[PDB]
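Single-letter residue listing:
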Amino acid sequence: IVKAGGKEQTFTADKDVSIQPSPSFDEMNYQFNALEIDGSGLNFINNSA
Amino acid sequence: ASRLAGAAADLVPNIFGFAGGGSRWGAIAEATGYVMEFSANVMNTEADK
Amino acid sequence: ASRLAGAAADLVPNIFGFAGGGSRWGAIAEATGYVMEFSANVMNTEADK
Amino acid sequence: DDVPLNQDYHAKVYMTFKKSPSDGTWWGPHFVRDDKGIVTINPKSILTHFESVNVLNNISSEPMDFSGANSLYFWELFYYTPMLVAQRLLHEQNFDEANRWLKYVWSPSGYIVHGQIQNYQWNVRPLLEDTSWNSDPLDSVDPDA
Amino acid sequence: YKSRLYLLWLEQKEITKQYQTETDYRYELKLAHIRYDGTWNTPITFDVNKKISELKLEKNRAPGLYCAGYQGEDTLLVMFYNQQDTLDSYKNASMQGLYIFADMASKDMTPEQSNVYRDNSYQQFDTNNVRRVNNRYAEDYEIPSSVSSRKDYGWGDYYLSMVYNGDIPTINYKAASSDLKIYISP
Amino acid sequence: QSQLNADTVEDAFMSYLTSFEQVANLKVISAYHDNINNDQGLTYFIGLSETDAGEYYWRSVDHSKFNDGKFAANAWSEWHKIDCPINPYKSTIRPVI
Amino acid sequence: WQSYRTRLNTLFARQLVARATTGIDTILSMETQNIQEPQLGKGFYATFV
């Protein structure tokens, strides 16, 4: 989940994960191809946000 | 004061007129060097005092 | 740091332009030498401390 | 290599069971450099030994290895030094200070950063996962080693 | 640079030129940084005399100088303003600069790359009648190439499961007028 | 010392950090290998410290300690200072046994 | 040496100075402990399960 500006954005794994890891208790790794995020907003606070 | 006057005066050209100054380039560094050592001993004397 | 700066700046040519630098070749060795002695004395002070 | 020795397979990595040694039959997974630039596993890539083999991209960085070449100095900064300082504070009985200095090495719930306690009891990482900083210590009788 | 204080300064040496005996000047740039203990490190010297001669001589003057650190990039930016005339806004003027890495290795800044920084950071140093202070150089927005530290974490419902540290390996961004698109690869 | 103000100790730590940063950031200029062929023997290296004059440190690795496809770290030797005043250009220096 | 590549040098210090700007606590904290180092090759990282 990503928060910037006034709109939440969401990125599910099934849609964005090209290759999914073998099911293991030890460790599982999800790699996401790319994600796009809106700018202006977020609104800056004292030139930083 | 003395080691510095010495450095400044030994950064101006020594040799003339046909060939340049030969002024010792590291003289500032060197006076700083002396100022370091003499600082150390001062501290020691102060300590002993 | 200072004794070394003295060695490096006194490895570049002093005199110009018609006659060469006259740069003191052993300046580095000499700086190493000072660094040696100041090491010994430093040690003595710490020991004394 | 900058100049690939084979076109179909840039590098071959295969696994050997102590019961079964084998090679060269295209059996292990074969990795091909994809131009400009990623690498991918190339069929047939017989596999079969591995549960899965995942190529990692975006990643060109390794966490510093205390198993490493420069390892001594890493240990010496992170572990040995807080120790020498700590015990040297004990001998002079600065109990509070000595507790801070031990804390840089080990702490029950002394670790709070950015406002929450964290999973590590030891701040020195190489202790956390055992790290063979010395292999073959019995050569000379050394408790440190 | 990299959270440490550095300083750059420039020294001129009298050098005579060979059948004509003439006073001539050679200029060299020097760099130093401060160690942890508080002692200043060795001054490391670069020859930028070649880049200095090309800026308009106007004998007996000092080149305008620009020092900064670039956030996204490893390198530190150093530039030489030309003589800066009394007025400002003198764009398109030729700047000869130098990229200095963390390793004391240095690479010459190409005039094309020079114009980039020239464009984003001018008015930061100016001519006689005013002295000027350099801010850190950034094109539009300042943003990380990568993020790898748990700012926060929460445990599983039953303490049997968790999300261990995984990083954001790549972050890139594209600026538009009043619009910003920012790309992530979690 | 008898008296250990926190200032004195933090300072001593900064002093250790400073002596540490010199060794940390060295440049391997060149090397040499003692035995005939690569598989065996111990290799020696030379490194440079960023300072107006070249201060050179040499470390050695044993190859026999490279047992499983990774170096033991036992093989690795502490860098050693060299007292000799050395000024080679550009990087013409090489060590030999 | 043949296939194998052995790192000889570290960039730890260069990144460490950024950590040092804050208190010495941060210097001995673990975010400092997981500081990253360059790959030294063509570059191929694989996770074998």
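Residues numbered from 1 in each chain as written, not as in the entry; some residues may be left out. Chains lettered and ligands numbered in written order. Part of a larger assembly, values for the part shown. Heavy atoms only, no water.

In its metadata, the entry names X-ray crystallography as the structure determination method and reports 3.5020 Å as the resolution.

Within the PDB entry, the label attached to chain F reads TcdA1, and the organism entered is Photorhabdus luminescens.

Under the annotation held in the PDB entry, chain A carries the name TcdA1 and is attributed to Photorhabdus luminescens.

(A) Highlighting the packing of helix α2 (residues 27-48) of chain B against helix α2 (residues 27-48) of chain C. At a closest axis distance of 12 Å, the pairing of α2(B) and α2(C) adopts a crossing angle of 15 degrees. It follows from the interaxial angle that α2(B) and α2(C) lie roughly parallel. Crossing hand, α2(B) versus α2(C): left-handed. Touching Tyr34(B), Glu37(B), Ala40(B) and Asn44(B) of α2(B) are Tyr34(C), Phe38(C) and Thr45(C), all from α2(C). The residue makeup of the contact of α2(B) with α2(C), split by class, is four nonpolar, two polar and one charged. (Axes fitted to C-alpha atoms, helices over the stretch in contact; angles between N-to-C directions. Helix = DSSP H or I, 4+ residues; strand = E, 2+ residues; numbered from the N terminus. Parallel < 35°, antiparallel > 145°, perpendicular 65-115°, else oblique. Left-handed = near helix turned anticlockwise from the far one by under 90°. Contact = heavy atoms within 4.5 Å. Nonpolar A, V, L, I, M, F, W, Y, C, P; charged D, E, K, R; others polar.)

(B) How the structure looks around the side chain of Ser49(F). Residue and element names in this part refer to chain F. Structurally, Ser 49 is set in strand β2 (residues 42-49). Residue class for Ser 49 comes out buried when judged on its relative accessible area of 2%. A distance of 3.0 Å separates a polar side-chain atom of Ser 49 from the backbone oxygen of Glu 55. Residues within four places of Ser 49 in sequence aside, it is in contact with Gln 22, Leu 26, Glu 55 and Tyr 57. (Buried < 20%, exposed > 50% of the residue type's maximum accessible area, 1.4 Å probe, protein only. Polar contact = N/O pair within 3.5 Å; in protein donor to acceptor, adjacent residues only side chain to side chain.)

(C) Here's a closer look at the packing of aromatic side chains. Throughout the structure, instances matching the rule amount to 35 aromatic pairs over all chains. Each ring, one from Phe66(F) and one from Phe71(F), has its centre 4.3 Å from the other, and the planes form 40 degrees; the classification is tilted. There is no split in this pair, since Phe66(F) and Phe71(F) are both buried. In this structure, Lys13(E) is placed above the aromatic ring of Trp25(B), and the distance from its NZ or CZ to the ring centre is 3.1 Å. (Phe/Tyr/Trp six-rings, centres within 6.5 Å; stacked < 30°, edge-to-face > 60°. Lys NZ or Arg CZ within 6 Å of the ring centre and 35° of its normal.)

(D) Structural detail: the arrangement of the chains. Between all 12 pairs of chains that are in contact, chains D and G come out with the most contacts. In this view chain C stays clear of chain D, with the nearest C-alpha atoms of the two still 16 Å from each other. Chain F makes no contact with chain B, the minimum C-alpha separation between the two being 12 Å.

(E) Representation of the interface of chain G and chain D in the model. Listed as interface residues are 27 residues of chain G and, on the opposing side, 37 residues of chain D. Note on chain G versus chain D: buried area summed over both sides is about 2,900 Å², and carbon and sulfur give 59% of it. Put simply, chain G and chain D have two salt bridges between them. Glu62(D) is the salt-bridge partner of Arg7(G), the closest N and O atoms lying 3.1 Å from each other. For the pair chain G and chain D, the number of links is 14 residue pairs in polar contact. (Buried area = accessible area lost by both parts, 1.4 Å probe. Salt bridge = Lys/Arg side-chain N within 4 Å of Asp/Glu carboxyl O.)

(F) Region of the structure containing the relation of the copies chain B and chain C. Mapping chain B onto chain C calls for a screw motion: a turn of 72 degrees about the axis and a shift of 0.0 Å along it, with 0.2 Å RMSD after fitting. A rotation of that kind, with that shift, is consistent with a five-fold axis. Of every C-alpha in chain B, the one belonging to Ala19(B) sits nearest the axis of rotation, 5.5 Å from it. (Least-squares fit on C-alpha atoms.)

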